[PDB]
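Asker: Have a look at the structure that comes next, please.
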Amino acid sequence: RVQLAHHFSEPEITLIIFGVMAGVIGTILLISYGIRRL
Amino acid sequence: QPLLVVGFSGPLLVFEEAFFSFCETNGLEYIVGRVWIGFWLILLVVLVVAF
Amino acid sequence: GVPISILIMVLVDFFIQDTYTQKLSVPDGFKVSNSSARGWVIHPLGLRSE
Ligand SMILES: CC(C)CCC[C@@H](C)[C@H]1CC[C@H]2[C@@H]3CC=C4C[C@@H](O)CC[C@]4(C)[C@H]3CC[C@]12C
């Protein structure tokens, strides 16, 4: 039908969401690797 | 374990009932909220499988 | 055994033309269930409202 306009398209926006997701995941893995060592 | 059959179930139906009853009350989008219950579930499953 | 049970009985209600029994109903084609609500790919920021 009629779709509300967005600055980001669907593929661009899911790319950004998955990138922020993977960044959070990697930060958590790095933090957990920091613990159990010192 | 390929012998498992993956399909819809009763508790999932009940959850979708609750999600519609919540999105209609708050004037929200029922399917966009689902697109965020999935974007968060990917985080949850990746963290659980990782540890 | 199960495929034979279904075949034998599918035939029993097929050859009974007059009475009416509910059959399996499947959609017409590979389309979304409500074309007036959503499409195939769905925007994370919303369809009608932000
Ligand atoms: C686990 C998943 C859900 C990540 C967590 C979501 C949070 C942390 C982040 C991830 C991606 C982010 C979104 C990415 C893109 C946009 C579009 C922009 O015009 C407004 C902000 C908005 C809507 C962001 C809001 C915050 C956001 C939703």
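So you can find residues: chains in the structure tokens are A, B, ... in the order shown, residues in each start at 1, and ligands are numbered from 1 in order.
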What are the closest atom pairs, with distances in Å to one decimal, for each residue of chain A lying within 10 Å of ligand 1, using only C-alpha atoms and all ligand atoms, rows by chain and rising residue number, as JSON lines?

Answerer:
{"residue": "A:6", "atom": "CA", "partner": "ligand 1", "partner_atom_place_in_ligand_line": "19 (O)", "distance": 7.6}
{"residue": "A:7", "atom": "CA", "partner": "ligand 1", "partner_atom_place_in_ligand_line": "19 (O)", "distance": 6.7}
{"residue": "A:8", "atom": "CA", "partner": "ligand 1", "partner_atom_place_in_ligand_line": "19 (O)", "distance": 6.9}
{"residue": "A:9", "atom": "CA", "partner": "ligand 1", "partner_atom_place_in_ligand_line": "17 (C)", "distance": 9.8}
{"residue": "A:12", "atom": "CA", "partner": "ligand 1", "partner_atom_place_in_ligand_line": "15 (C)", "distance": 9.3}
{"residue": "A:13", "atom": "CA", "partner": "ligand 1", "partner_atom_place_in_ligand_line": "15 (C)", "distance": 6.0}
{"residue": "A:14", "atom": "CA", "partner": "ligand 1", "partner_atom_place_in_ligand_line": "14 (C)", "distance": 8.0}
{"residue": "A:15", "atom": "CA", "partner": "ligand 1", "partner_atom_place_in_ligand_line": "14 (C)", "distance": 9.0}
{"residue": "A:16", "atom": "CA", "partner": "ligand 1", "partner_atom_place_in_ligand_line": "14 (C)", "distance": 5.9}
{"residue": "A:17", "atom": "CA", "partner": "ligand 1", "partner_atom_place_in_ligand_line": "11 (C)", "distance": 4.2}
{"residue": "A:18", "atom": "CA", "partner": "ligand 1", "partner_atom_place_in_ligand_line": "11 (C)", "distance": 7.5}
{"residue": "A:19", "atom": "CA", "partner": "ligand 1", "partner_atom_place_in_ligand_line": "11 (C)", "distance": 8.1}
{"residue": "A:20", "atom": "CA", "partner": "ligand 1", "partner_atom_place_in_ligand_line": "10 (C)", "distance": 5.5}
{"residue": "A:21", "atom": "CA", "partner": "ligand 1", "partner_atom_place_in_ligand_line": "4 (C)", "distance": 5.1}
{"residue": "A:22", "atom": "CA", "partner": "ligand 1", "partner_atom_place_in_ligand_line": "4 (C)", "distance": 8.9}
{"residue": "A:23", "atom": "CA", "partner": "ligand 1", "partner_atom_place_in_ligand_line": "4 (C)", "distance": 9.7}
{"residue": "A:24", "atom": "CA", "partner": "ligand 1", "partner_atom_place_in_ligand_line": "4 (C)", "distance": 8.1}
{"residue": "A:25", "atom": "CA", "partner": "ligand 1", "partner_atom_place_in_ligand_line": "1 (C)", "distance": 9.1}

Asker: Chain B near chain C within 10 Å: what's each residue's closest atom pair and its distance in Å to one decimal, counting only C-alpha atoms, ordered by chain then ascending residue number, as JSON lines?

Answerer:
{"residue": "B:27", "atom": "CA", "partner": "C:49", "partner_atom": "CA", "distance": 9.8}
{"residue": "B:28", "atom": "CA", "partner": "C:49", "partner_atom": "CA", "distance": 8.5}
{"residue": "B:29", "atom": "CA", "partner": "C:46", "partner_atom": "CA", "distance": 6.8}
{"residue": "B:30", "atom": "CA", "partner": "C:46", "partner_atom": "CA", "distance": 9.6}
{"residue": "B:31", "atom": "CA", "partner": "C:42", "partner_atom": "CA", "distance": 8.0}
{"residue": "B:32", "atom": "CA", "partner": "C:44", "partner_atom": "CA", "distance": 5.7}
{"residue": "B:33", "atom": "CA", "partner": "C:44", "partner_atom": "CA", "distance": 8.1}
{"residue": "B:34", "atom": "CA", "partner": "C:44", "partner_atom": "CA", "distance": 9.2}
{"residue": "B:35", "atom": "CA", "partner": "C:44", "partner_atom": "CA", "distance": 6.2}
{"residue": "B:36", "atom": "CA", "partner": "C:44", "partner_atom": "CA", "distance": 7.3}
{"residue": "B:39", "atom": "CA", "partner": "C:44", "partner_atom": "CA", "distance": 9.5}

Asker: What would the file look like if the residues just selected were written as a CSV table (one decimal), in the first residue's frame with C-alpha atoms?

Answerer:
chain,number,residue,atom,x,y,z
B,27,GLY,CA,-1.3,1.7,19.3
B,28,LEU,CA,1.9,0.1,18.2
B,29,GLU,CA,2.9,-1.9,15.2
B,30,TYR,CA,2.4,-5.6,15.8
B,31,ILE,CA,4.9,-6.9,13.2
B,32,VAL,CA,7.6,-4.2,13.7
B,33,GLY,CA,7.7,-5.2,17.4
B,34,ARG,CA,8.3,-8.8,16.2
B,35,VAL,CA,11.2,-7.5,14.0
B,36,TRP,CA,12.7,-6.3,17.3
B,39,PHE,CA,16.8,-8.7,16.5

Asker: Kindly determine which residues of chain B lie within 10 Å of chain A, considering only C-alpha atoms, and give the answer as a PDB file with C-alpha atoms, in the first residue's frame.

Answerer:
ATOM      1  CA  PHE B  39      16.805  -8.682  16.473  1.00  0.00           C
ATOM      2  CA  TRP B  40      17.133  -9.167  20.276  1.00  0.00           C
ATOM      3  CA  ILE B  42      19.737 -13.117  17.761  1.00  0.00           C
ATOM      4  CA  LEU B  43      21.793 -11.376  20.475  1.00  0.00           C
ATOM      5  CA  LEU B  44      20.393 -13.707  23.134  1.00  0.00           C
ATOM      6  CA  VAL B  46      24.618 -15.754  20.149  1.00  0.00           C
ATOM      7  CA  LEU B  47      25.510 -14.928  23.755  1.00  0.00           C
ATOM      8  CA  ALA B  50      29.094 -18.419  22.971  1.00  0.00           C
ATOM      9  CA  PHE B  51      29.250 -19.157  26.709  1.00  0.00           C
TER      10      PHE B  51
END

Asker: So the first atom is CA of residue 39 (chain C) and the second is CA of residue 25 (chain B); what is the distance between them in Å, to one decimal place?

Answerer: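 Taking CA of residue 39 (chain C) and CA of residue 25 (chain B), their separation equals 23.3 Å.
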
Asker: Write out as a tab-separated table (two decimals) with C-alpha atoms, in the first residue's frame all residues of chain B that backbone DSSP assigns to alpha helix (DSSP H).

Answerer:
chain	number	residue	atom	x	y	z
B	10	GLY	CA	0.59	-23.51	21.21
B	11	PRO	CA	2.75	-21.41	23.57
B	12	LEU	CA	4.07	-19.44	20.59
B	13	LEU	CA	0.46	-18.80	19.56
B	14	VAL	CA	-0.30	-17.58	23.09
B	15	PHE	CA	2.70	-15.24	22.97
B	16	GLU	CA	1.57	-13.81	19.64
B	17	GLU	CA	-1.90	-13.33	21.14
B	18	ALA	CA	-0.34	-11.36	24.00
B	19	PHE	CA	1.79	-9.34	21.57
B	20	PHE	CA	-1.24	-8.34	19.52
B	21	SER	CA	-3.23	-7.55	22.69
B	22	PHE	CA	-0.33	-5.30	23.77
B	23	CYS	CA	0.33	-3.57	20.43
B	24	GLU	CA	-3.36	-2.83	19.87
B	25	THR	CA	-3.68	-1.34	23.36
B	30	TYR	CA	2.42	-5.63	15.84
B	31	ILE	CA	4.88	-6.86	13.21
B	32	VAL	CA	7.62	-4.24	13.70
B	33	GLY	CA	7.75	-5.20	17.36
B	34	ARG	CA	8.25	-8.78	16.20
B	35	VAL	CA	11.15	-7.53	14.00
B	36	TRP	CA	12.71	-6.32	17.27
B	37	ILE	CA	11.86	-9.48	19.25
B	38	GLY	CA	13.92	-11.21	16.58
B	39	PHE	CA	16.81	-8.68	16.47
B	40	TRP	CA	17.13	-9.17	20.28
B	41	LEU	CA	16.73	-12.98	20.07
B	42	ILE	CA	19.74	-13.12	17.76
B	43	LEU	CA	21.79	-11.38	20.48
B	44	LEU	CA	20.39	-13.71	23.13
B	45	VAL	CA	21.13	-16.89	21.20
B	46	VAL	CA	24.62	-15.75	20.15
B	47	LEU	CA	25.51	-14.93	23.76
B	48	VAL	CA	24.07	-18.21	25.06
B	49	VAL	CA	25.84	-20.34	22.43
B	50	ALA	CA	29.09	-18.42	22.97

Asker: Give me the chain A side of the contact with chain C, cut-off 7 Å, one line per residue showing its nearest atom pair and distance in Å at one decimal, counting only C-alpha atoms, sorted by chain and residue number, as a Markdown table.

Answerer:
| residue | atom | partner | partner_atom | distance |
| --- | --- | --- | --- | --- |
| A:1 | CA | C:36 | CA | 6.0 |
| A:3 | CA | C:47 | CA | 5.7 |
| A:4 | CA | C:48 | CA | 5.3 |
| A:10 | CA | C:43 | CA | 5.5 |
